[PDB]
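> take a look and give me a structure for this.
(chains A, B, C, D, E and F, ligands or ions: 6)
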Amino acid sequence: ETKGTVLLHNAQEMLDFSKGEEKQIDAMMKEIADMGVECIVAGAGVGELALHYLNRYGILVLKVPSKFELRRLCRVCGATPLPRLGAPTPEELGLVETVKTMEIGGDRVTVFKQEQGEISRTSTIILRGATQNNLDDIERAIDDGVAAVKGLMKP
Amino acid sequence: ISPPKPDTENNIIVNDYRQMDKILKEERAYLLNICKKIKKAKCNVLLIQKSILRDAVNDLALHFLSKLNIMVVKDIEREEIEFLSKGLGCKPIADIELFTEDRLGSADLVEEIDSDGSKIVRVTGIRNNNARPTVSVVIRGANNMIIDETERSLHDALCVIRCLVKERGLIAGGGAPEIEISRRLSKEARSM
Amino acid sequence: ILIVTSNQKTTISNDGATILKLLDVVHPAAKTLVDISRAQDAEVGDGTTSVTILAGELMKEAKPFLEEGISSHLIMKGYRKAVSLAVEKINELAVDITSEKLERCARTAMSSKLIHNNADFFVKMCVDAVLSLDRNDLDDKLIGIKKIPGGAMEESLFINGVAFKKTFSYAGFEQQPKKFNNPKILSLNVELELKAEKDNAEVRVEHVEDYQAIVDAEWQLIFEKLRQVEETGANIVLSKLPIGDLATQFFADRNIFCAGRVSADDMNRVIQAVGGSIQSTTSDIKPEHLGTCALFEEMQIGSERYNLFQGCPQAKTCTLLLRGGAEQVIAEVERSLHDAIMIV
Amino acid sequence: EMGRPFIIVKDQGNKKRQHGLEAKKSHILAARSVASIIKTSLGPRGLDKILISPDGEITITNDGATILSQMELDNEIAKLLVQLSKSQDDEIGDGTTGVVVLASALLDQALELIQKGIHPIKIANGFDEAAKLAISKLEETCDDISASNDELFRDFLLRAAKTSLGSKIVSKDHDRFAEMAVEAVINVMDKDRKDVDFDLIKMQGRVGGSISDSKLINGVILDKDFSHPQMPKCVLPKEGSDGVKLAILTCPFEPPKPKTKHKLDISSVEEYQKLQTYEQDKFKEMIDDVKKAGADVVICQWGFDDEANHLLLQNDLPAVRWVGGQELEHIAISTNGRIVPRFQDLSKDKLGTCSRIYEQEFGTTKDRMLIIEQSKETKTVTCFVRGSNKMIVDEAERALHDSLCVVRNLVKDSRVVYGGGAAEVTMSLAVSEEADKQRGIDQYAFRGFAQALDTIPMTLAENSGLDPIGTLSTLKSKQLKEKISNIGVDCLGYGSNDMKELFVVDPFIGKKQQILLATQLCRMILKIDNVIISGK
Amino acid sequence: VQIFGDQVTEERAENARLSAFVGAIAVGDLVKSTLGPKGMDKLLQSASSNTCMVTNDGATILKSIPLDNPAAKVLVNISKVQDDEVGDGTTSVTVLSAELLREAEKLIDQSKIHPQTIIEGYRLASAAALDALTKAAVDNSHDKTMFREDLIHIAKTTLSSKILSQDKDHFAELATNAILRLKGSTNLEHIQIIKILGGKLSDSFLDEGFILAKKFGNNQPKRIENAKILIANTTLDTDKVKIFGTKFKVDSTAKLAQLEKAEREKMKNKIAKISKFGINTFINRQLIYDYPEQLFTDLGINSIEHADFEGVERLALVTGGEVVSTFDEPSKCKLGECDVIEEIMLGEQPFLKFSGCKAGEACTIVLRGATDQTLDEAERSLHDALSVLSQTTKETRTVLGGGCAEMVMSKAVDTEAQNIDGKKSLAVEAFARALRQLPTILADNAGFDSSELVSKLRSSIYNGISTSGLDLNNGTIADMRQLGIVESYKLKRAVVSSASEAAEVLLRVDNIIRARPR
Amino acid sequence: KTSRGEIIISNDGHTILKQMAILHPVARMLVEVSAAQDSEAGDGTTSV
Ligand SMILES: Nc1ncnc2c1ncn2[C@@H]1O[C@H](COP(=O)(O)OP(=O)(O)O)[C@@H](O)[C@H]1O
Ligand SMILES: Nc1ncnc2c1ncn2[C@@H]1O[C@H](COP(=O)(O)OP(=O)(O)O)[C@@H](O)[C@H]1O
Ligand SMILES: Nc1ncnc2c1ncn2[C@@H]1O[C@H](COP(=O)(O)OP(=O)(O)O)[C@@H](O)[C@H]1O
Ligand SMILES: [Mg+2]
Ligand SMILES: [Mg+2]
Ligand SMILES: [Mg+2]
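Numbers count the residues shown, from 1 in each chain, chains lettered A, B, ... in the order given. Ligands and ions are numbered 1, 2, ... in the order given. Please see the structure below:
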């Protein structure tokens, strides 16, 4: 956090500094890859060297550059995040069967459909329509309907 | 005369706390031993030119120069260095290694009188092996506009003396040669 | 319809999405049409205008009923109840055709614009564009086509790969051969030039003897980075980041072509065409991940150089060069094909 | 309106619209306004035109693309004609003026058919069928030249070289420019006579001298002098040697320093003296490396300081500074040398070879421009064009560029046709013949394209000052009497409308491109109904 | 349908040719008074800072004056190329190229000749014109004494047009000696023209040496003898090493006192290497600071500072030595020699006088004149004189002037007009009649007859005397070999080719397109 | 009185002509003649 700058006094450190970053990033992926994970949701920008070793073993990368977008996804699979770059705990690893990528609105979208077994929460509703203004009012109608479901819990 | 700072890039690093006392002792000693070698040549008056990129004479150095009875004058123009060396017969000094007694000049009295709120530093008496002596003349007056014209009026006076020593001979003015040359060409004009 | 906006950008088109896109519509009720058109284009890419004219006539037909004492909900209940039968009726009008194994559907989608009359030549190669794509993927970025101001539309041809502009003239570009019999493609991401290594620059040196060695070490590792690319036999080198003059001249001596200044969307199309992979490190290069094709030939196209790949046994990419007189001709040929390619 | 502000598009009151018949008349008359500019320019008896840029600089040009490129216009219909001439200029490089007048000829004849009430799509489909029919006929009638040997194939380039130079200034010395243009391609060509690289030959003009002083030199043009000019200007090779052993370097003469920012700390006077020794030994080792390599002339990209001037002068080693990277691309291909990055990789195999290096003045004080020449055939030719004016030498560049492009079209196999108005009339009478049995509704559409093709001969009749009706009547009657279709309108009046004899040839790919770009643009302009334009 | 934008002036009618033709006539008539020996000088009033400029050359005049006509730019550009190429004959190109368009105007209007026919006649007429100079030239390379006399008469011809018509007898010897000094080096940058106001115009001189614009620094003497000159280009003053990342990790100021001493030791060591040559004068282009200046005093070496890089080239060639750096190897290096060096004063500024040098491959000219404008005119004149004489060495062939060059072209041009029967003969005759006007304006500037004096020159040449020409001091025909006026072959080849090709420009123009100014 | 705030008295014709800003260029040539008379001779700058 405080003035991260290289320092190389001689040529012996110059030769090993380029390979040291490759071996260090690779060594951290070994403990992550041996646990059988195939998709990792990142919270901020991911480097290119880390990306080269992730897609080697076929690990999917997902961007969620915000706090609430990252918290809503943990409730689906039921995972406990940890900021460390070490081994995820097996109890904390989430369960997702399939991750599909199909064309719905012409743009690229990533889906996380679960199955009847190992149900999840915080589901979504794909709302298709022609006019963007009608999407806004129908979306708030679901909020009114979801708000009506809240009326059953407290009383 | 200043603390050490070469033109090449440098950076002083202090690793231990006791080194601060040492460098402070060596800074004044670097000024002291150079001033000590001025006493060895018994040079009594110093004249420093306009200093660039740093102060000419450090305030810490003035204490050593003022107690040893040395007059200090700074901010002299660069083109005047040829004038002082030619007049006083003193060769300039660019390094203490070349600072010797034979290169210095001589003078009987360097007095700075107080008169009319305007200081003048005048050297009385010059003696040296020099075939090209110098001369200096001050100007006094009411205001600067008369000082400027008194300078240019003297320039026209010296240029007349410059012309006579350049080209030998002279003629009587007062409109004489204009009428004489007009008479002479008018005599020949009717023949051609 | 010919439209020129405030920035003096000429455009000519016969589409419902493109015409309403350039026109900055400030009226609130009129932007529903922009939305319907955009929506049909998005989900389909054809028949945008029809939708807008039908929308217009239903609202124009609802005008005299609103002048009468008919309420608003009564008119909406009629269309919403009638459209349910129209969708079911269209399912009966449509056929369950499976016999006869594309060609005819493309001719109708090209109507109302330029290439309808030239459908005999464009439909023959346009049908082959989607056949390269397999089922359930249907990647639209693989059908990315670029602009070439200059030429005649008749001289176009079908390409089994990619053709991308170099966008930079290197010092050792002419020394490389333009024709390889058995080329091998390898995609890179590391920056091949002499500069700072990893986002920082600070090097302390005490002894002057080591000052010569640290400079030679930088010259040693940069050729070590290039020699690992040379040892695997990669004839074509590609990288998103720039490539310096030091690297391209090292490749220029021993007949190794290189190029740079390309986008990520272009790089993703290169991998699926050659069937290789991305490697952002020179040490982890292996022979198996190198893509191959039939031949290579750089050709003069509209005073612009393009690196052609073609003849692959299995290509996921179709990318044709659009040449034309005006900049609107190449644009109209793009939009006409983009609407027809969605239909097929 | 109903009192409320009825606005739809942003900036409602600024932009306008135009529809109906008045929208069409704005289009056709806009083409006639541009066609009148091009009609008095086309042909060998044409006249140049001055285009004053906003910055005060002028360009005396008679090519349609450069005229329309530097022309400030407002009407969009002419702006599409600006791009059509630019389209013909970039790829083929021949016929810009022709397309502009031919597209206007289709537009002028389409005005009469719009008055009759024919739909524009039937008009556009008629020219598309007529254009392909004319191309299919002209592809059969033209003869192939590949059967002849190389001695006669050189003459066919001289036929087209004199055709392209003429109609342009540089039409005096045009007999030597034709030989100079053909001699440039003899050096730079493939052994199979196919797909020659045009990028190897760059354009270079020089403001000074006269047109007669221009000559051929195989080498590079640098606009700079040697370093520290005390050496002799013209360096010669050794008595026994393969060549001058040219050396090129992309490394400046300095001590090796890191590319990253560094901090070399000297904590002692002994290390400071070693820095002085390290400073001198690098320059001593550097000049010994190029000495042992045997190089005579050295080319440096990133320059060097004044210390290397005396070291290079004593060893009889000329050198230069501030040589751009684009020129080093040209130096390596010309002298067949490999550019070494550094001195450690310096070897005698990478050095180039050329005949001699020398420099001249060209006058009083202008600038010292370097010249290089080869002793044999190489893969690089640099045209050394002189001129009495800046506009003369500027027009001579684009004129000679079009000459090399016309020869570049003939490198493609079996593409030759005799022009001079013969290609237009021979494609015109067949379209009218097809209309007699293919009448339909598009009978007048073929007649419009038949009359539109003949306008280029009538354009040549106006510039030459001959009667147009008598000219087209004689050419049409001669084409019907005899099926030999190489007779055209000869403006230079050498007698004989016959033309293989005159020696006028144009490339076949260039001629079919005239009607393609003309028909392809006419199909686009006829589609326009609404004309929305915004205020500046 | 106005396709062009707002404020777009276009001329697609007869006014376009009239506007282009009247522009050249205005540029042509502007320079008719500046041609010939009796021509009048012109005065330029600058719009910025009131910086006046007096000049007789048409290139400096037309470049300074603003002209918005596109036709004026061609006359400006053809004059700029002629000024840079040869350095003389610019007004002849301007007046001849304008007269060719003037003579071509009546063919377009009265006779109604095609523009392609007028240029076609000028092609054949210009071809016969240059062929006349092929046979009319004379090669004086076999004898140096006759070539020495040819440079006199060429200097008489070029210098007579400027204000130095009286003093050309003295500067003709000064001009030719500078050319024989350079012994073939045609680079005009190797002559330093020192400008000095005051004194009589004939007080100019040409000393055998190189005159510096500066003086010695502090105490070095004025008068010395048997001085060895050594020239250097490197810093030699507070040496900042080639890498700027150098630093000193100072632990104590006492050690930094040794580091600054070490900078003085290496500089003291560098000056010690200068003394190994055994020299008495040292010259460097960079300005010399105080510390290295002092060490030259004990060694007895003189020092000169702040010499310009263009002067180092002149300084090296007059001295005949070589510029030396990296002084470890004095054996391979070379240095010059000189007999005596002395500081002089010409006006207020002192100068250093060199005399008795071995090499004489360059020189310096000291001009003396009343004003700065007369002195400037003098420079422009000598530059034009030395430029023609410099190219005369590489182009030894010469051509006689004084109306004989233009007439012997017309004799051959009129002969060829009959063998080209048709309408082209009027164009070739127009090219002939355009050449008759150059001796006409040369007679009009002196106040003589335009018709009878030209008619006598017409009849004299066809009788079989190809050496007759105009003599302006008396107003009669005289022999050119006796008067001694002659021009170079490159000059007459240049003005005929430049004026011919200049006429081809504004005859092929019909439309004038003017976009908006920026 | 010059353009800036400096004031100067002058009997010398060279300094009079130098400080006077003349619009006419031919009259401005006399400023250079007085400069030439001042540089060469140094006396009689108004007599010339
Ligand atoms: N010397 C010539 N003799 C006969 N016809 C010529 C000659 N030169 C050019 N032409 C004809 O003039 C027509 C127009 O050519 P031009 O407009 O000069 O070329 P571009 O359109 O490329 O500028 C061509 O169709 C060509 O056949
Ligand atoms: N004393 C003389 N007698 C005869 N002719 C002269 C004399 N002096 C000059 N001339 C003629 O006047 C012409 C002057 O041309 P010049 O003014 O040098 O042209 P430019 O100024 O354009 O170089 C020369 O061609 C020369 O023949
Ligand atoms: N004492 C005098 N009596 C009479 N006439 C004089 C006297 N002194 C000078 N003159 C004349 O007056 C003139 C003065 O010129 P001056 O003002 O000195 O010119 P400048 O000021 O330009 O040097 C001289 O030319 C001289 O003839
Ligand atoms: Mg459609
Ligand atoms: Mg042409
Ligand atoms: Mg002259």
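
> let me see the ranges of the helices in the stretch 1-150 of chain D.
D:20-39, D:64-69, D:76-90, D:96-116, D:120-141, D:150-165 (DSSP state H, counting those that start in this stretch).

> now the last one: buried residues?
By 16 or more other Cβ atoms under 10 Å in any protein chain shown, the buried positions in helix D:150-165 come out as D:156, D:157, D:158, D:159, D:160, D:161, D:162, D:163, D:164, D:165. Every residue, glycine included, has its C-beta placed from N, CA and C.

> is there proximity between it and chain E?
No. Helix D:150-165 does not reach chain E (Cβ under 8 Å from any Cβ of the partner chain); its nearest approach is 14.2 Å.

> in PDB, list the C-alpha atoms belonging to that helix.
Presented in PDB, the C-alpha positions along helix D:150-165 are these (Å, rounded to 0.1, in the frame of the first residue of the first chain):
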ATOM      1  CA  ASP D 150       9.400  -9.900 -73.000                       C
ATOM      2  CA  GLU D 151      10.700  -7.600 -75.700                       C
ATOM      3  CA  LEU D 152       7.200  -6.800 -77.000                       C
ATOM      4  CA  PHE D 153       5.700  -6.800 -73.500                       C
ATOM      5  CA  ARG D 154       7.900  -3.800 -72.700                       C
ATOM      6  CA  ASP D 155       6.400  -2.000 -75.700                       C
ATOM      7  CA  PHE D 156       2.900  -2.500 -74.300                       C
ATOM      8  CA  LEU D 157       3.900  -0.700 -71.100                       C
ATOM      9  CA  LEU D 158       5.300   2.100 -73.300                       C
ATOM     10  CA  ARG D 159       1.900   2.300 -75.100                       C
ATOM     11  CA  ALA D 160       0.200   2.800 -71.700                       C
ATOM     12  CA  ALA D 161       2.900   4.900 -70.200                       C
ATOM     13  CA  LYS D 162       2.600   7.500 -72.900                       C
ATOM     14  CA  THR D 163      -1.100   7.400 -72.500                       C
ATOM     15  CA  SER D 164      -1.000   8.100 -68.800                       C
ATOM     16  CA  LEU D 165       1.700  10.900 -68.900                       C
END
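
> any chance you could list what contacts the helix or strand following it?
Going down the chain from helix D:150-165, the next helix or strand is helix D:174-187, by DSSP states H and E. Residues outside helix D:174-187 that contact it (Cβ atoms under 8 Å, 6 or more residues apart in numbering or on different chains) are D:154, D:157-158, D:161-162, D:165-166, D:170, D:196, D:201, D:214-216, D:218, D:377-381, D:383, D:400, D:403-404, D:407, D:411.

> dump the buried residues of helix D:150-165 into TSV; add distance to residue A:59 as well.
Converted to TSV, these look like this (distance: Cβ to Cβ, whole Å):
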residue	distance to residue A:59
D:156	64
D:157	62
D:158	67
D:159	67
D:160	63
D:161	64
D:162	69
D:163	66
D:164	62
D:165	66
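
> just flag the most distant two among those.
D:156 and D:165 (15.2 Å; Cβ to Cβ).

> need the contact list for residue D:19.
Contact analysis of residue D:19 by Cβ under 8 Å, 6+ apart lists D:529, D:530, D:531.

> just the buried ones from those?
residue D:531.

> residue C:59 belongs to a helix?
Yes. Under DSSP: H, G, I helix; E, B strand; the rest coil, residue C:59 falls within a helix.

> just the closest residue of chain F to ligand 2, please.
Nearest residue of chain F to ligand 2: residue F:25, at 22.4 Å (Cβ to the nearest ligand atom).

> surely that residue meets residue E:51?
No. In this structure residue F:25 lies outside contact range of residue E:51 using Cβ atoms under 8 Å: 9.3 Å.

> who has more neighbours out of the two?
Taking neighbours as other Cβ atoms under 10 Å in any protein chain shown, residue F:25 and residue E:51 compare with residue F:25 leading, 17 against 11.

> so how far is residue E:43 from that one?
6 Å (Cβ to Cβ, to the nearest Å).

> go on, residue C:49?
Taking Cβ to Cβ, one finds residue C:49 at 74 Å from residue E:43.

> next one: stretch C:170-184 to chain centre, how far?
From the chain centre to the centre of stretch C:170-184 is a distance of 25 Å (Cα atoms, centre = their mean, to the nearest Å).

> do it and chain D meet?
Yes. Judged by Cβ under 8 Å from any Cβ, stretch C:170-184 comes into contact with chain D through C:170, C:171, C:172, C:173, C:174, C:175, C:178.

> list the buried residues of that stretch.
So, applying 16+ other Cβ under 10 Å, buried residues of stretch C:170-184: C:170, C:171, C:172, C:173, C:174, C:175, C:176, C:180, C:183, C:184.

> so which bits of chain A are right by ligand 6?
By Cβ under 5 Å from the ion, no part of chain A sits against ligand 6.

> in chain A, which spans are strands?
Assigned by DSSP state E, the strands in chain A fall at A:39-42, A:60-63, A:101-103, A:108-110.

> tabulate the ones you listed (JSON lines), appending mean neighbour count and distance to ligand 1.
Converted to JSON lines, the strands of chain A look like this (neighbours: other Cβ atoms under 10 Å in any protein chain shown; distance: least, Cβ to the nearest ligand atom, whole Å):
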{"stretch": "strand A:39-42", "mean neighbour count": "15", "distance to ligand 1": "59"}
{"stretch": "strand A:60-63", "mean neighbour count": "14", "distance to ligand 1": "55"}
{"stretch": "strand A:101-103", "mean neighbour count": "12", "distance to ligand 1": "49"}
{"stretch": "strand A:108-110", "mean neighbour count": "12", "distance to ligand 1": "49"}
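
> quick revisit: ok, of the buried residues of helix D:150-165, which one's closest to ligand 1?
When the buried residues of helix D:150-165 are compared against ligand 1 (criterion: Cβ to the nearest ligand atom), the nearest one is residue D:163, at 5.1 Å.

> who touches that closest one in this structure?
D:406, D:419, D:504, D:505, D:506.

> TSV please, covering those residues and showing neighbour count and distance to ligand 3.
Listed next are those as TSV, based on neighbours: other Cβ atoms under 10 Å in any protein chain shown; distance: Cβ to the nearest ligand atom, whole Å:
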residue	neighbour count	distance to ligand 3
D:406	24	76
D:419	23	82
D:504	22	82
D:505	26	83
D:506	26	82
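
> can you tell me which two in those are farthest apart?
Checking those with Cβ to Cβ, the most distant pair is D:406 and D:504, at 12.3 Å.

> residue ranges of the helices in the chain, please?
Just so you know, I chose chain A. A:11-33, A:48-54, A:67-77, A:132-150 (DSSP state H).

> look at chain F instead
F:13-19, F:25-40.

> what's around residue C:328, how many residues?
By other Cβ under 10 Å, neighbour count at residue C:328 equals 21.

> next one: the residue lying closest to it once chain neighbours are set aside from residue C:150, what distance?
Of all residues not flanking residue C:328 in the chain, residue C:12 sits nearest, at 4.8 Å (Cβ to Cβ, 6 or more residues apart in numbering or on different chains). In this view, residue C:12 and residue C:150 are 18 Å apart by Cβ to Cβ.

> ok, now residue D:439?
Counting by Cβ to Cβ, the gap from residue D:439 to residue C:150 is 38 Å.

> of all residues in the stretch 51-200 of chain C, which one is closest to ligand 1?
residue C:150 (15.2 Å).

> now do the contacts for the residue of chain A found nearest ligand 2.
Per Cβ to the nearest ligand atom, residue A:14 is where chain A lies closest to ligand 2, at 67.6 Å. By Cβ under 8 Å, 6+ apart, the residues touching residue A:14 are A:8, C:214, C:217, C:218, C:221.

> between those, which has the most around it?
residue C:214 (24 neighbours).

> what about residue B:152, how many residues nearby?
Count around residue B:152 with other Cβ under 10 Å applied: 17.
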